[PDB]
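Contents: one structure, followed by commentary.
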Number of protein chains: 4
Amino acid sequence: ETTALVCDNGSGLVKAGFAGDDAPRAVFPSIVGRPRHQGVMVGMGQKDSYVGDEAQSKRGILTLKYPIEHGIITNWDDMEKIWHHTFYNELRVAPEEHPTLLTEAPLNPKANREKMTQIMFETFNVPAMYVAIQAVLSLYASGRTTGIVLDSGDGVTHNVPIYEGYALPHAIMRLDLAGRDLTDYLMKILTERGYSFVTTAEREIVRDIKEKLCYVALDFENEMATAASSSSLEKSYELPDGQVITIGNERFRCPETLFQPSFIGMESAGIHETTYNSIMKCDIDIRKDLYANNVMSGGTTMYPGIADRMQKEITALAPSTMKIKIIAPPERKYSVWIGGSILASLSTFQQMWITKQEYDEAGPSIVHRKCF
Amino acid sequence: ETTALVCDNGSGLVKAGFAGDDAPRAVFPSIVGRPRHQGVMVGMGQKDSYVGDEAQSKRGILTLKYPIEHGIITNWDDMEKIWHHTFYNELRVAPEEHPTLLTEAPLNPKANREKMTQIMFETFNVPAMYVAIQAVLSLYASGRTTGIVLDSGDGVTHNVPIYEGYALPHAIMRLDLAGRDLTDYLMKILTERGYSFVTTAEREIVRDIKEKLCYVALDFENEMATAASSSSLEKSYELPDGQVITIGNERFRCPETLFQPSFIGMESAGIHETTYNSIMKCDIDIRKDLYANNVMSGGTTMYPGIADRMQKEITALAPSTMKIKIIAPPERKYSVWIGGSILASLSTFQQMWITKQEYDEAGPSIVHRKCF
Amino acid sequence: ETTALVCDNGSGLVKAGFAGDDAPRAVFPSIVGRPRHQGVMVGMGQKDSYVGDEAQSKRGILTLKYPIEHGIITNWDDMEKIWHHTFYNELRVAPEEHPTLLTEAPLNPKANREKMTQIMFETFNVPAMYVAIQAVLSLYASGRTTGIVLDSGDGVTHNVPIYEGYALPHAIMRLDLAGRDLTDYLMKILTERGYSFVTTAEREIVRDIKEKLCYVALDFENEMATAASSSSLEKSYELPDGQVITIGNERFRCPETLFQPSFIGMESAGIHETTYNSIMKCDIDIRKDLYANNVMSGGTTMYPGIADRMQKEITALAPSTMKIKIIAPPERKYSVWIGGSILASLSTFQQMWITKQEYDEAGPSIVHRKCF
Amino acid sequence: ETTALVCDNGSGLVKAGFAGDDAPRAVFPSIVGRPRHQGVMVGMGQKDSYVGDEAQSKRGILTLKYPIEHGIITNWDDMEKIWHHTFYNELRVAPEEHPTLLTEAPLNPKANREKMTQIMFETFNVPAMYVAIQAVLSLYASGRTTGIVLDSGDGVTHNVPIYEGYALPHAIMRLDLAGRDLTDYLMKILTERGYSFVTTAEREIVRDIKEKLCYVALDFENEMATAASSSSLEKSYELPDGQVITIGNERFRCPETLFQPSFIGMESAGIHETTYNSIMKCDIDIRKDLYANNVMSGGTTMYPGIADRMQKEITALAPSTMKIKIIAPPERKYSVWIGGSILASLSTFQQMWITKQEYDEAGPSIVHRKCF
Ligand SMILES: Nc1ncnc2c1ncn2[C@@H]1O[C@H](COP(=O)(O)OP(=O)(O)O)[C@@H](O)[C@H]1O
Ligand SMILES: Nc1ncnc2c1ncn2[C@@H]1O[C@H](COP(=O)(O)OP(=O)(O)O)[C@@H](O)[C@H]1O
Ligand SMILES: Nc1ncnc2c1ncn2[C@@H]1O[C@H](COP(=O)(O)OP(=O)(O)O)[C@@H](O)[C@H]1O
Ligand SMILES: Nc1ncnc2c1ncn2[C@@H]1O[C@H](COP(=O)(O)OP(=O)(O)O)[C@@H](O)[C@H]1O
Ligand SMILES: *CC(=O)Nc1ccc2ccc3cccc4ccc1c2c34
Ligand SMILES: *CC(=O)Nc1ccc2ccc3cccc4ccc1c2c34
Ligand SMILES: *CC(=O)Nc1ccc2ccc3cccc4ccc1c2c34
Ligand SMILES: *CC(=O)Nc1ccc2ccc3cccc4ccc1c2c34
Ligand SMILES: [Mg+2]
Ligand SMILES: [Mg+2]
Ligand SMILES: [Mg+2]
Ligand SMILES: [Mg+2]
């Protein structure tokens, strides 16, 4: 065998490529868009649906919907369209020769992984596959075997702690607040500036505002008083129609939802308390190495200043006689994929695949007695 | 103090009166009309602008514009003219003795409420004021403290779920489709009968057609097939020039835009799905009392048969093991004003006003830390 | 200043007088006649030209020509002779002390009004002047501010719709068919009785036949069949030489040209259809008040039975569910002058004059940016 | 099948020809004239009605009337005479062998398209037909699939936004101001020079003045001040009798009605604001390509300098950080016909005709469910 496919199906983006590579060769959004309007010039390249980058380019006339919602595939008819887009148009490979490596979040429903396995063998006919946990791959991309991982993507935020290669599944804290809910809260608090974003095509306009104008304030209540003298905390954004918008305290107030989830109305804890509660559910001896290895991942942890407040606010919870080290790599948008590329190229992993002859004798129940 | 003023500045009409009354003493449209013509006979009572009922009578020579558009006051020079018409010519009171009660929609821009507060203290010099929420007052007029309120007026449609007096601001679904957009869609689909209504003076002719010839079909595709045998579903209307028109399927097809917003080209859900999506964003425990208390309000919910389809189509979305009760009072055109009259007469409310000495030291930012 | 002059320069007659008077003190025809014969007895008061009533008396030896043709002054050398006759011989006043009020028709050429202004300042030296519209003054004489005005004099027929003192200049219809063309058609259809009227002195003989023998038939095709038994519809007229003439169907057939302009070969509508087309070019809201106020004026509308057919035939065009009221005052030969006498005696009009110091700084272009 | 007929029934002209040709083989006005006079020499080829070019030659003795008025066929007895003139005298083909392609304006009455379909199958008996939209065919003639189309012809001005072959029918702005109303306004403002054009035979004399003496001023108020020194902005025209007329500011003041519709008394926006309001009703993502593709069409957009002011005045409304490209082809009088010739010659279109066996089973309601 030459290579192996590593397909990280996130809620927002699809990262895909080959094992051994240090960067995915296919990054495109998880969008399947149907045209909503009439259509008069029938022909000249009008498809029934648009997937990925072509749905992002033609997004004005399309109803964009994402098949993966909070890490759970709810649109299996359209998730097959993204995989059909992935292997045949973004990578130009046939899946019959390459073993694929899929990922998913922990504490996921069992019907999600059983149908990822069923489609990869019956539709695409892979030689073998494997479904890994995203937070465990992200720790392995950083060259560690010990550390609690804050993987926060577009659909889910989870907090898997790992000590010396042993997962502690009773301490995994799955939170369904991620970059999608911070986008939907930014759409809510831009209406108080008279900025109406309503359709799902302006959902990516507000998402692009969030990716280049939002930051995490070190102290939120002192930053709100600074924004009362609204001069220095205001930046302008260029809308695609040529309009400009001026946002002030809305820059730092939507990443505050990661730390105060009561803004979108969730009876829940912040990402700093669910990190602290996940350490305090582990054993007393291994906490010394978990406060020292706080690896962040995903795209939601790419805010300017999120690692500074993450250290500043766990230290307010942890006992002061020990150190807190937040690990923020610069490549952590792709660290779940990078850990998948190292894993699929290991020689000690080559006997841990789920082959075709193991699937048809035991059905879909083979995929649950393999992980953890 | 004897009485207080309750001014409901809707997008279409202005309701105004006194606290304790059961009906407003001043109902007139939110119209400021300028003359568009020459004016040869200079004098004999030709004013520069006509406001309210006098602009509705002289509407054939006036360009009618509304200062409130989708619940947002965009014409602050002309909104003061309606308030100058309201307190001085419709109520004949001086605002220096009476505390006023204004209303607005939720998820409104912050500059809208600040300039309502600034004009009511600097121009009219009220003793105290308070800006309430329209859907919360409509529930309080119905004698309830629990229920989701579909307040669809002339400018905006919005759902506010309230449970035991606690508002859930993360579940408020604001939708800018309302009775104005159903008037502009009825103007669009009367052109297929050869009926040309173009200027803003025929905008109230088409609006008057809508208020007495339109109904909500219980099943739309069966009603369109019934209207193919176009005999029983046609009624005639008397235009002011003596002409008669005959409208058929256009009677029930413009209130269908409330339930299918794709007719006017909005990627949005109907009023039945934004009600269902607003209940499903509330907590699982309180949904039992929200499906049972569906209070409707505003003038747009006054169609014949709108409560019957609202119950028929939430039931298709809600689980069948529980009951749906759409509450449609017969006085629900004024229910936002009625709840404002009960609120301004409460003795437990008299300490919740925003007085003049609270405004001049704290500026316009006092009015945002008072509501919700 | 005590008084002000009101000079209505019609095509047929000159009405002149003072403001405040209820009747003009000078009514004489717009005639300047030159002698066409030898004149052997040189002297004894033989003037070079005869103006007004003295030309109507000596008309047998004169070539009578009218300087105002279809409301347009084409003979400015001879229009000054009528004005010189008017101020100095019919009113016996000097124009240097009295501000004059001139009138003209709508949709008139700009060189007509600029030369009325130039002659009234550079020849007669009035203190101030104003050129008004004839049909707007006729509505103001009737005490109305709303109504479409069928003004039909000797030179032109024109409709002006006015609503609440606001003229609608896009809906002004102007029709050059008037009482002069009905005189020239009566001269044509008297030749089939062998009555030869050829020169311009018999033009006033036929005009005097028309003013006391012509009537408007209620139904024309039934009246033509009634005149087959040519006994009851014939009346005799006394020519100035002593001859008698007997006219039958020619009594009602020339006022039919007002309603059927194809008799004199004009591709045009009647006065009932140009009234209806001028209402239907107005806005649809004000049509209810325009069908109910049909003020007629001029001398051409003095036919017996013109108001009965005007109501009978607009009703055939207007929708039947509304009323048509033709307003035919008995003084409507002078209603253009009467409205000018009320206007020049107002106090709100005294600042709307065109004074001498406004004319010499802006030239003749001052007179267009004040009226319409 | 050899060819297909493309008959563009405009309000002013009839363009007809064959599919594949680059120019129509039949251009003649939509005029049916009846003789209004006696006709003493009975015989020698005096027909009862004259259609098209033969009515334009004999127009002095005819009452010319238009069956198509504001894009609505109101004279179905006389519209069949133009089609009978078209296939049998201008093209010399029998319609039983050729499938025809008709056009009409958007937001047209339903009875207009049904009677086009009924007459083409019952009277002329075509094999198949299709009724298209005029503005969509004009964009397709320019080789584009994306752009907003200002198709201003003789009866109607309408904007249609099209993005990549998907029409947005909620953003179509239809305006009933076109070249006929600019002709009727020019007849009105030539009367202030003393030029009396009244009958319908001088309606084409004034129309021929407009087609070769009228231009669009870049700035209107500076051009009116330039015309005060009335030397350089005056040109002469040769009337058919031999008279010459000198027009000054009336050259550029009637195409100003396209940009200021208040001159003819319409509460409406100009063609630059209805273009801008139609873009601002589209989605934010597609506006970048609609401001860059402003395709104009029709004969009314053939004024010298209309594309320069169209770019100058949308730029005053659009945000300044983007480009506005008005597309003005030199062949845009026939671009609605050219796009119909390309469409009827396609092979992907040959299954979209409305055949005879589809019409007789479903009646005239087939023609509405095969558009947009
Ligand atoms: N550079 C950035 N800065 C801030 N936020 C970002 C950035 N890039 C992505 N995001 C947010 O993170 C989410 C993308 O995370 P992603 O890496 O796609 O996770 P997944 O692939 O698991 O969905 C998006 O919703 C986006 O809003
Ligand atoms: N009796 C009625 N039946 C149906 N629709 C109505 C009726 N009265 C008003 N409407 C519609 O509702 C709107 C008025 O709602 P209104 O109570 O004035 O709300 P708001 O005061 O918040 O503007 C108008 O646009 C009108 O078209
Ligand atoms: N009493 C009358 N009956 C019928 N026709 C009349 C009468 N008086 C005048 N006319 C006609 O009307 C015309 C005079 O109209 P007039 O009032 O002089 O208008 P103007 O002053 O604008 O010329 C004359 O041509 C005459 O033929
Ligand atoms: N060369 C021209 N320059 C200016 N205006 C023109 C020209 N040709 C035609 N027009 C005006 O455009 C109108 C004709 O438009 P046309 O292309 O016939 O549209 P349609 O075929 O849809 O009626 C006429 O009313 C005429 O006044
Ligand atoms: C289901 C699962 O957790 N798989 C998984 C994830 C990550 C990871 C990293 C490094 C590894 C080294 C050797 C073997 C395995 C096996 C499974 C595995 C990993 C590794
Ligand atoms: C801003 C706001 O929502 N005000 C508001 C609305 C409605 C309402 C109803 C009943 C109440 C009883 C007691 C106190 C208050 C206070 C505010 C208020 C209400 C009431
Ligand atoms: C040019 C013009 O139309 N002047 C005009 C005509 C008639 C009329 C009647 C009554 C008026 C009352 C007040 C002011 C004016 C001013 C001009 C005027 C009139 C009046
Ligand atoms: C009803 C209608 O809009 N038909 C229409 C108009 C224009 C147009 C242009 C180009 C096309 C290409 C392929 C197919 C079709 C089909 C219908 C059609 C068009 C086209
Ligand atoms: Mg991820
Ligand atoms: Mg309201
Ligand atoms: Mg007169
Ligand atoms: Mg055309």
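Every residue, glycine as well, gets a Cβ built from its backbone with ideal geometry; the counts of neighbours run over all protein chains shown. Derivation of every value follows stated rules applied to the coordinates shown; laboratory data play no part.
Brief remarks follow.
- Hey, C:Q56 in contact with a strand residue (DSSP E or B) (Cβ under 7 Å, 6 or more places away or on another chain) and polar (S, T, N, Q) or not: yes
- Subset of the range B:177-198 (residues that are closer than 19 Å to B:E238 by Cα and touching a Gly at 6+ places or on another chain (Cβ under 9 Å)): B:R193
- Candidate set from the range D:94-114 (those that are more than 14 Å from chain B (Cβ to nearest Cβ) and among the aliphatic types (A, V, I, L, M)); member that is surrounded by the fewest Cβ atoms within 10 Å (Cβ to Cβ): D:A94
- The residues of the range D:35-53 that are in contact with a strand residue (DSSP E or B) (Cβ under 8 Å, 6 or more places away or on another chain) and either within 25 Å of D:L182 (Cα to Cα) or of a type in the set (V, I, T) (or both), listed by number, are D:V51, D:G52, D:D53.
- Counted residues, the range B:1-27 - those being within 29 Å of B:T63 (Cα to Cα), among the hydrophobic types (A, V, I, L, M, F, W, C) and out of contact with any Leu (no Cβ under 7 Å at 6 or more places or on another chain): 2
- Being within 14 Å of another protein chain (Cβ to nearest Cβ), surrounded by fewer than 21 Cβ atoms within 10 Å (Cβ to Cβ) and hydroxyl-bearing (S, T, Y) is a property that does not hold for B:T123.
- Residues of the range B:237-252 classified as within 14 Å of another protein chain (Cβ to nearest Cβ) and farther than 30 Å from C:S278 by Cβ, total: 3
- Selection count, the range A:109-139, where residues are closer than 22 Å to A:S341 by Cβ and not basic (K, R): 18
- For the condition hydrophobic (A, V, I, L, M, F, W, C) and either within 16 Å of ligand 2 (Cβ to nearest atom) or without any contact (Cβ under 8 Å) to a residue 24 or more places away in the chain (or both), D:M116 does not qualify.
- Subset of the range B:26-75 [within 15 Å of ligand 2 (Cβ to nearest atom) and hydrophobic (A, V, I, L, M, F, W, C)]: B:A26, B:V27, B:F28, B:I31, B:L64, B:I68, B:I72, B:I73
- The range B:188-236 - residue that is in contact with a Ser or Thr (Cβ under 7 Å, 6 or more places away or on another chain) and hydrophobic (A, V, I, L, M, F, W, C) and, of those, farthest from the other protein chains (Cβ to nearest Cβ): B:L233
- Count of the range D:318-364 residues which are more than 13 Å from chain A (Cβ to nearest Cβ), within 28 Å of the chain's Cα centre (by Cα) and small (G, A, S): 6
- Count of residues meeting criterion [under 25 Å from D:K65 (Cα atoms) and either over 23 Å from the mean Cα position of the chain (by Cα) or part of a loop (DSSP other than H, G, I, E, B) (or both)] in the range D:89-117: 7
- Of all residues in the range C:285-306 being surrounded by fewer than 20 Cβ atoms within 10 Å (Cβ to Cβ) and not charged (D, E, K, R), the one that is farthest from ligand 3 (Cβ to nearest atom): C:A292
- In the range A:159-187, the qualifying residues are those that are of a type in the set (D, E, K, R) and within 15 Å of the chain's Cα centre (by Cα), and the one that is farthest from the other protein chains (Cβ to nearest Cβ) is A:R174.
- Of the residues screened, C:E313 is one that is out of contact with any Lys or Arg (no Cβ under 7 Å at 6 or more places or on another chain), surrounded by fewer than 22 Cβ atoms within 10 Å (Cβ to Cβ) and not in a loop (DSSP other than H, G, I, E, B).
- Sole exception among (1) touching a residue at least 12 places away in the same chain (Cβ under 8 Å); (2) surrounded by fewer than 18 Cβ atoms within 10 Å (Cβ to Cβ); (3) of a type in the set (S, T, N, Q); (4) within 14 Å of chain B (Cβ to nearest Cβ) for A:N277, by number: (4)
- The range B:172-211, subset of a type in the set (A, V, I, L, M, F, W, C) and under 22 Å from B:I61 (Cβ atoms), residue nearest to ligand 9 (Cβ to nearest atom): B:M187
- Qualifying position, being over 15 Å from B:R203 (Cα atoms) and within 14 Å of another protein chain (Cβ to nearest Cβ), among B:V27, B:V42: B:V42
- Against the criterion of being surrounded by fewer than 16 Cβ atoms within 10 Å (Cβ to Cβ) and of a type in the set (S, T, Y), C:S142 does not qualify.
- Residue check, B:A269 surrounded by 14 or more Cβ atoms within 10 Å (Cβ to Cβ), under 30 Å from D:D283 (Cβ atoms) and either of a type outside the set (F, W, Y) or out of contact with any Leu (no Cβ under 6 Å at 6 or more places or on another chain) (or both): yes
- Pick from the range A:335-364, criterion of a type in the set (F, W, Y) and not in a loop (DSSP other than H, G, I, E, B), ranking: farthest from A:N9 (Cα to Cα): A:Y359
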